[PDB]
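Reading the structure
Each chain, letter by letter, is given below.
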Amino acid sequence: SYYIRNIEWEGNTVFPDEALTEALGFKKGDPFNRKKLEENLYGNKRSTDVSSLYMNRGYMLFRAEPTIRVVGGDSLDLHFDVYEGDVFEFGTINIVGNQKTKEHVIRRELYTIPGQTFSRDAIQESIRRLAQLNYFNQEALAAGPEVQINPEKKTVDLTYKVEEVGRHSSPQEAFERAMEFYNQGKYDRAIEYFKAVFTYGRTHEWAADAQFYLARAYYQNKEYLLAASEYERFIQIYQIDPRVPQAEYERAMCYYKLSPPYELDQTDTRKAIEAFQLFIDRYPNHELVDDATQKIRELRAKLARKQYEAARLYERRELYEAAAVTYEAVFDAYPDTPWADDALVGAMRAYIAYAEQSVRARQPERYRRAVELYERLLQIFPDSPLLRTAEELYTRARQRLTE
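Thresholds, definitions, all that
Residues numbered from 1 in each chain as written, not as in the entry; some residues may be left out. Heavy atoms only, no water. Residues with missing side-chain atoms left out of burial classes, pairs and counts. Helix = DSSP H or I, 4+ residues; strand = E, 2+ residues; numbered from the N terminus. Axes fitted to C-alpha atoms, helices over the stretch in contact; angles between N-to-C directions. Parallel < 35°, antiparallel > 145°, perpendicular 65-115°, else oblique. Left-handed = near helix turned anticlockwise from the far one by under 90°. Contact = heavy atoms within 4.5 Å. Nonpolar A, V, L, I, M, F, W, Y, C, P; charged D, E, K, R; others polar. Patch = residues over 30% accessible without salt bridge, like charges linked within 9 Å, V, L, I, M, F, W, Y side chains within 5 Å. Areas by Shrake-Rupley, 256 points an atom, 1.4 Å probe, with all protein chains shown as cover. Salt bridge = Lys/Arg side-chain N within 4 Å of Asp/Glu carboxyl O. Buried < 20%, exposed > 50% of the residue type's maximum accessible area, 1.4 Å probe, protein only. Core = buried A, V, L, I, M, F, W, Y, C linked by side-chain atoms within 4.5 Å. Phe/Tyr/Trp six-rings, centres within 6.5 Å; stacked < 30°, edge-to-face > 60°. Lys NZ or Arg CZ within 6 Å of the ring centre and 35° of its normal. Domains from an automatic or database assignment. Buried area = accessible area lost by both parts, 1.4 Å probe. Polar contact = N/O pair within 3.5 Å; in protein donor to acceptor, adjacent residues only side chain to side chain.

A tally of helices and strands in the protein chain yields 17 helices and 6 strands. Counting only C-alpha atoms, the protein chain reaches 100 × 60 × 35 Å along its principal axes.

Running from amino to carboxyl end, helix α14 (residues 320–333) crosses helix α16 (residues 363–380) at an angle of 30°, the nearest separation of the two axes being 13 Å. One finds that α14 runs roughly parallel with respect to α16. Read as a crossing pair, α14 and α16 show a hand that is left-handed. Here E328, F331 and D332 of α14 come into contact with α16, specifically with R369, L373, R376 and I380. Its residues assigned to classes, the contact of α14 with α16 shows 3 nonpolar, no polar and 4 charged.

Let us now look at a nonpolar patch on the surface. Among the surface-exposed residues, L61, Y83, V147 and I149 lie close enough to one another that they form a single nonpolar patch of about 340 Å² accessible area. Tracing the backbone through its elements, the reader meets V147 in strand β5 (residues 146–150). The class of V147 is partly exposed, set by a relative accessible area of 38%.

Position of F212 among the secondary structure elements: in helix α9 (residues 207–220). A relative accessible area of 3% places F212 in the buried class. Sequence separation between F212 and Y231 is 19 residues; the distance between their C-alpha atoms is 6.7 Å. Excluding residues that lie within four positions of it along the chain, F212 makes contacts with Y231, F234, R243, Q246, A247 and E250.

This part takes up the nonpolar core. Grouped together as the largest cluster of nonpolar side chains are 84 residues, with contacts concentrated most on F194, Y231, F276, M348 and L377. Sorting elements by how many residues they give to this core places helix α15 (residues 339–356) first, with 10 residues. Excluding residues within four positions of it along the chain, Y231 makes contact with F212, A215, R216, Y219, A247, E250, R251 and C254.

Once that is clear, we can look at unusual backbone geometry. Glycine aside, residues mostly have negative phi angles, and peptide bonds mostly take the trans form. Following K28, the chain continues to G29 via a peptide bond in cis, the omega torsion being 0°. Note that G29 resides in the loop between α1 (17–24) and α2 (34–42). Here the residue pair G144 and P145 is connected by a cis peptide bond, since its omega of 0° sits within 30 degrees of zero. Here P145 lies in the loop between α6 (138–143) and β5. We note that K222 has phi near 65°; this positive angle belongs to a residue other than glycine. Looking at where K222 falls in the secondary structure, it is placed in the loop between α9 and α10 (224–237). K222 gets classed as exposed once you look at its relative accessible area, which sits at 61%.

Looking now at the environment of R216. For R216, the position within the fold is in helix α9. Relative accessible area serves as the criterion here: at 21%, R216 is assigned to the partly exposed category. For the pair formed by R216 and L401, sequence separation is 185 residues and the distance between their alpha carbons is 61 Å. The contacts of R216, once residues within four sequence positions are left out, are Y182, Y231, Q246 and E250.

Applying the stated criterion across every chain yields a total of 24 aromatic pairs. Between the aromatic rings of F212 and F234, the centroid separation amounts to 5.3 Å while the plane-to-plane angle is 55°, which identifies the pairing as tilted. One end of the pair, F212, is in helix α9; the other, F234, is in helix α10, and 22 residues separate them in sequence. Put simply, the rings of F175, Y182, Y187, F194, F212, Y213, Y231, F234 and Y238 pair up and form one aromatic cluster. For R243, the ring lying beneath its charged end belongs to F212, and the centroid distance is 4.9 Å.

This part covers the domain arrangement of the protein chain. Under the domain assignment used here, the protein chain contains domain 1 (3–83) and domain 2 (89–161). Taking the mean C-alpha position of each, domain 1 and domain 2 sit 29 Å from one another. Residue-level contacts link 11 residues of domain 1 with 8 residues of domain 2. Taken as a group, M55, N56 and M60 account for 62% of the area that domain 1 buries against domain 2, more than any other trio of residues on that side. One can count 1 salt bridge joining domain 1 with domain 2. Residue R120 is joined to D49 by a salt bridge in which the shortest nitrogen-to-oxygen separation is 3.7 Å. Scanning the region where domain 1 abuts domain 2 turns up 5 residue pairs in polar contact. It is helix α3 (residues 50–55) that contributes the most residues to the side of domain 1 that touches domain 2, 3 residues altogether.

The next point concerns the side chain of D241. Secondary-structure assignment places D241 in the loop between α10 and α11 (244–258). A polar atom in the side chain of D241 sits 2.9 Å from the backbone nitrogen of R243. The contacts of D241, once residues within four sequence positions are left out, are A208 and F234.

Below you can see the structure in the form of structure tokens.
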């Protein structure tokens, strides 16, 4: 049995020695207890431990190294060397895996808010809220979120992944009967006969046609993932057939048709963009490159809108720091999209609003970011329709900044 004598902290600046000792819960001279030491140093159930004191205030990389000293007989000295590190803010907060649940239902429940000081138990409490909805697998919820630490930028990005609970006698004949069904809109029947072509092998004169139109038939039947697989089969098997580029375009169209509304997970939207870009990269001289380029711009615009709507959501909540960083993220990630200039102005607007309710010491850097954004607007979108609205905001920021 040992008893606490002294407790000393080396490296602390944010908290006085007394605050950290009170968090440890050891009084001169209670009995020494390793489990209690571990809990109140690294993480207890009440988020009052030393580590939570720092990590709930942005110091994500805080680490305390303990050394135990027997200073004669029963006496026990505790010495902790403390690394505080930088203060971090939450950066991007993304939501994935929601194929049936709207994004805003998940985002509304999060305590982790973009632009706010990082907090460990904000993450932990967000996890528990999502678990309490009973929409998602709890064991998978207990694993995430996916974290990205940006030391240079002093930001921590988060992605919460959710898992929701809940006839013929020859190949030519078969091909011709399929095309008859295909041209009548009987795609299910055409599919059957296109597959029948290959009961005679897959290297005869009608194999490539049958494979190519089997995919189109699946597509017209709105079986896009099966169509995509048959397009891929065509591309890899009939590699020098002149329709290989067309097949790659039509494979991308399958994912274009699978691309869901912005409120939902955007995996297939990203797969559609990659498939179109791959078609363009391999066949830049093809006729359909311009249409593929327009399809990519439609899909990027949806990605941008998804994030732009998250910013609007924070703005309605008067969380202007979250709105500002989310708006600016839209510009940084999708400057080529229609939402780019709207987002710049929304970010200006939110940064200005956040500066008004902020401590005077931190207002300069917020107003200045608005100014820098306006100077970017003029360069990237010289004839933007939002210039006048932006200039008015630029005025206020520059007037208040000098003061």
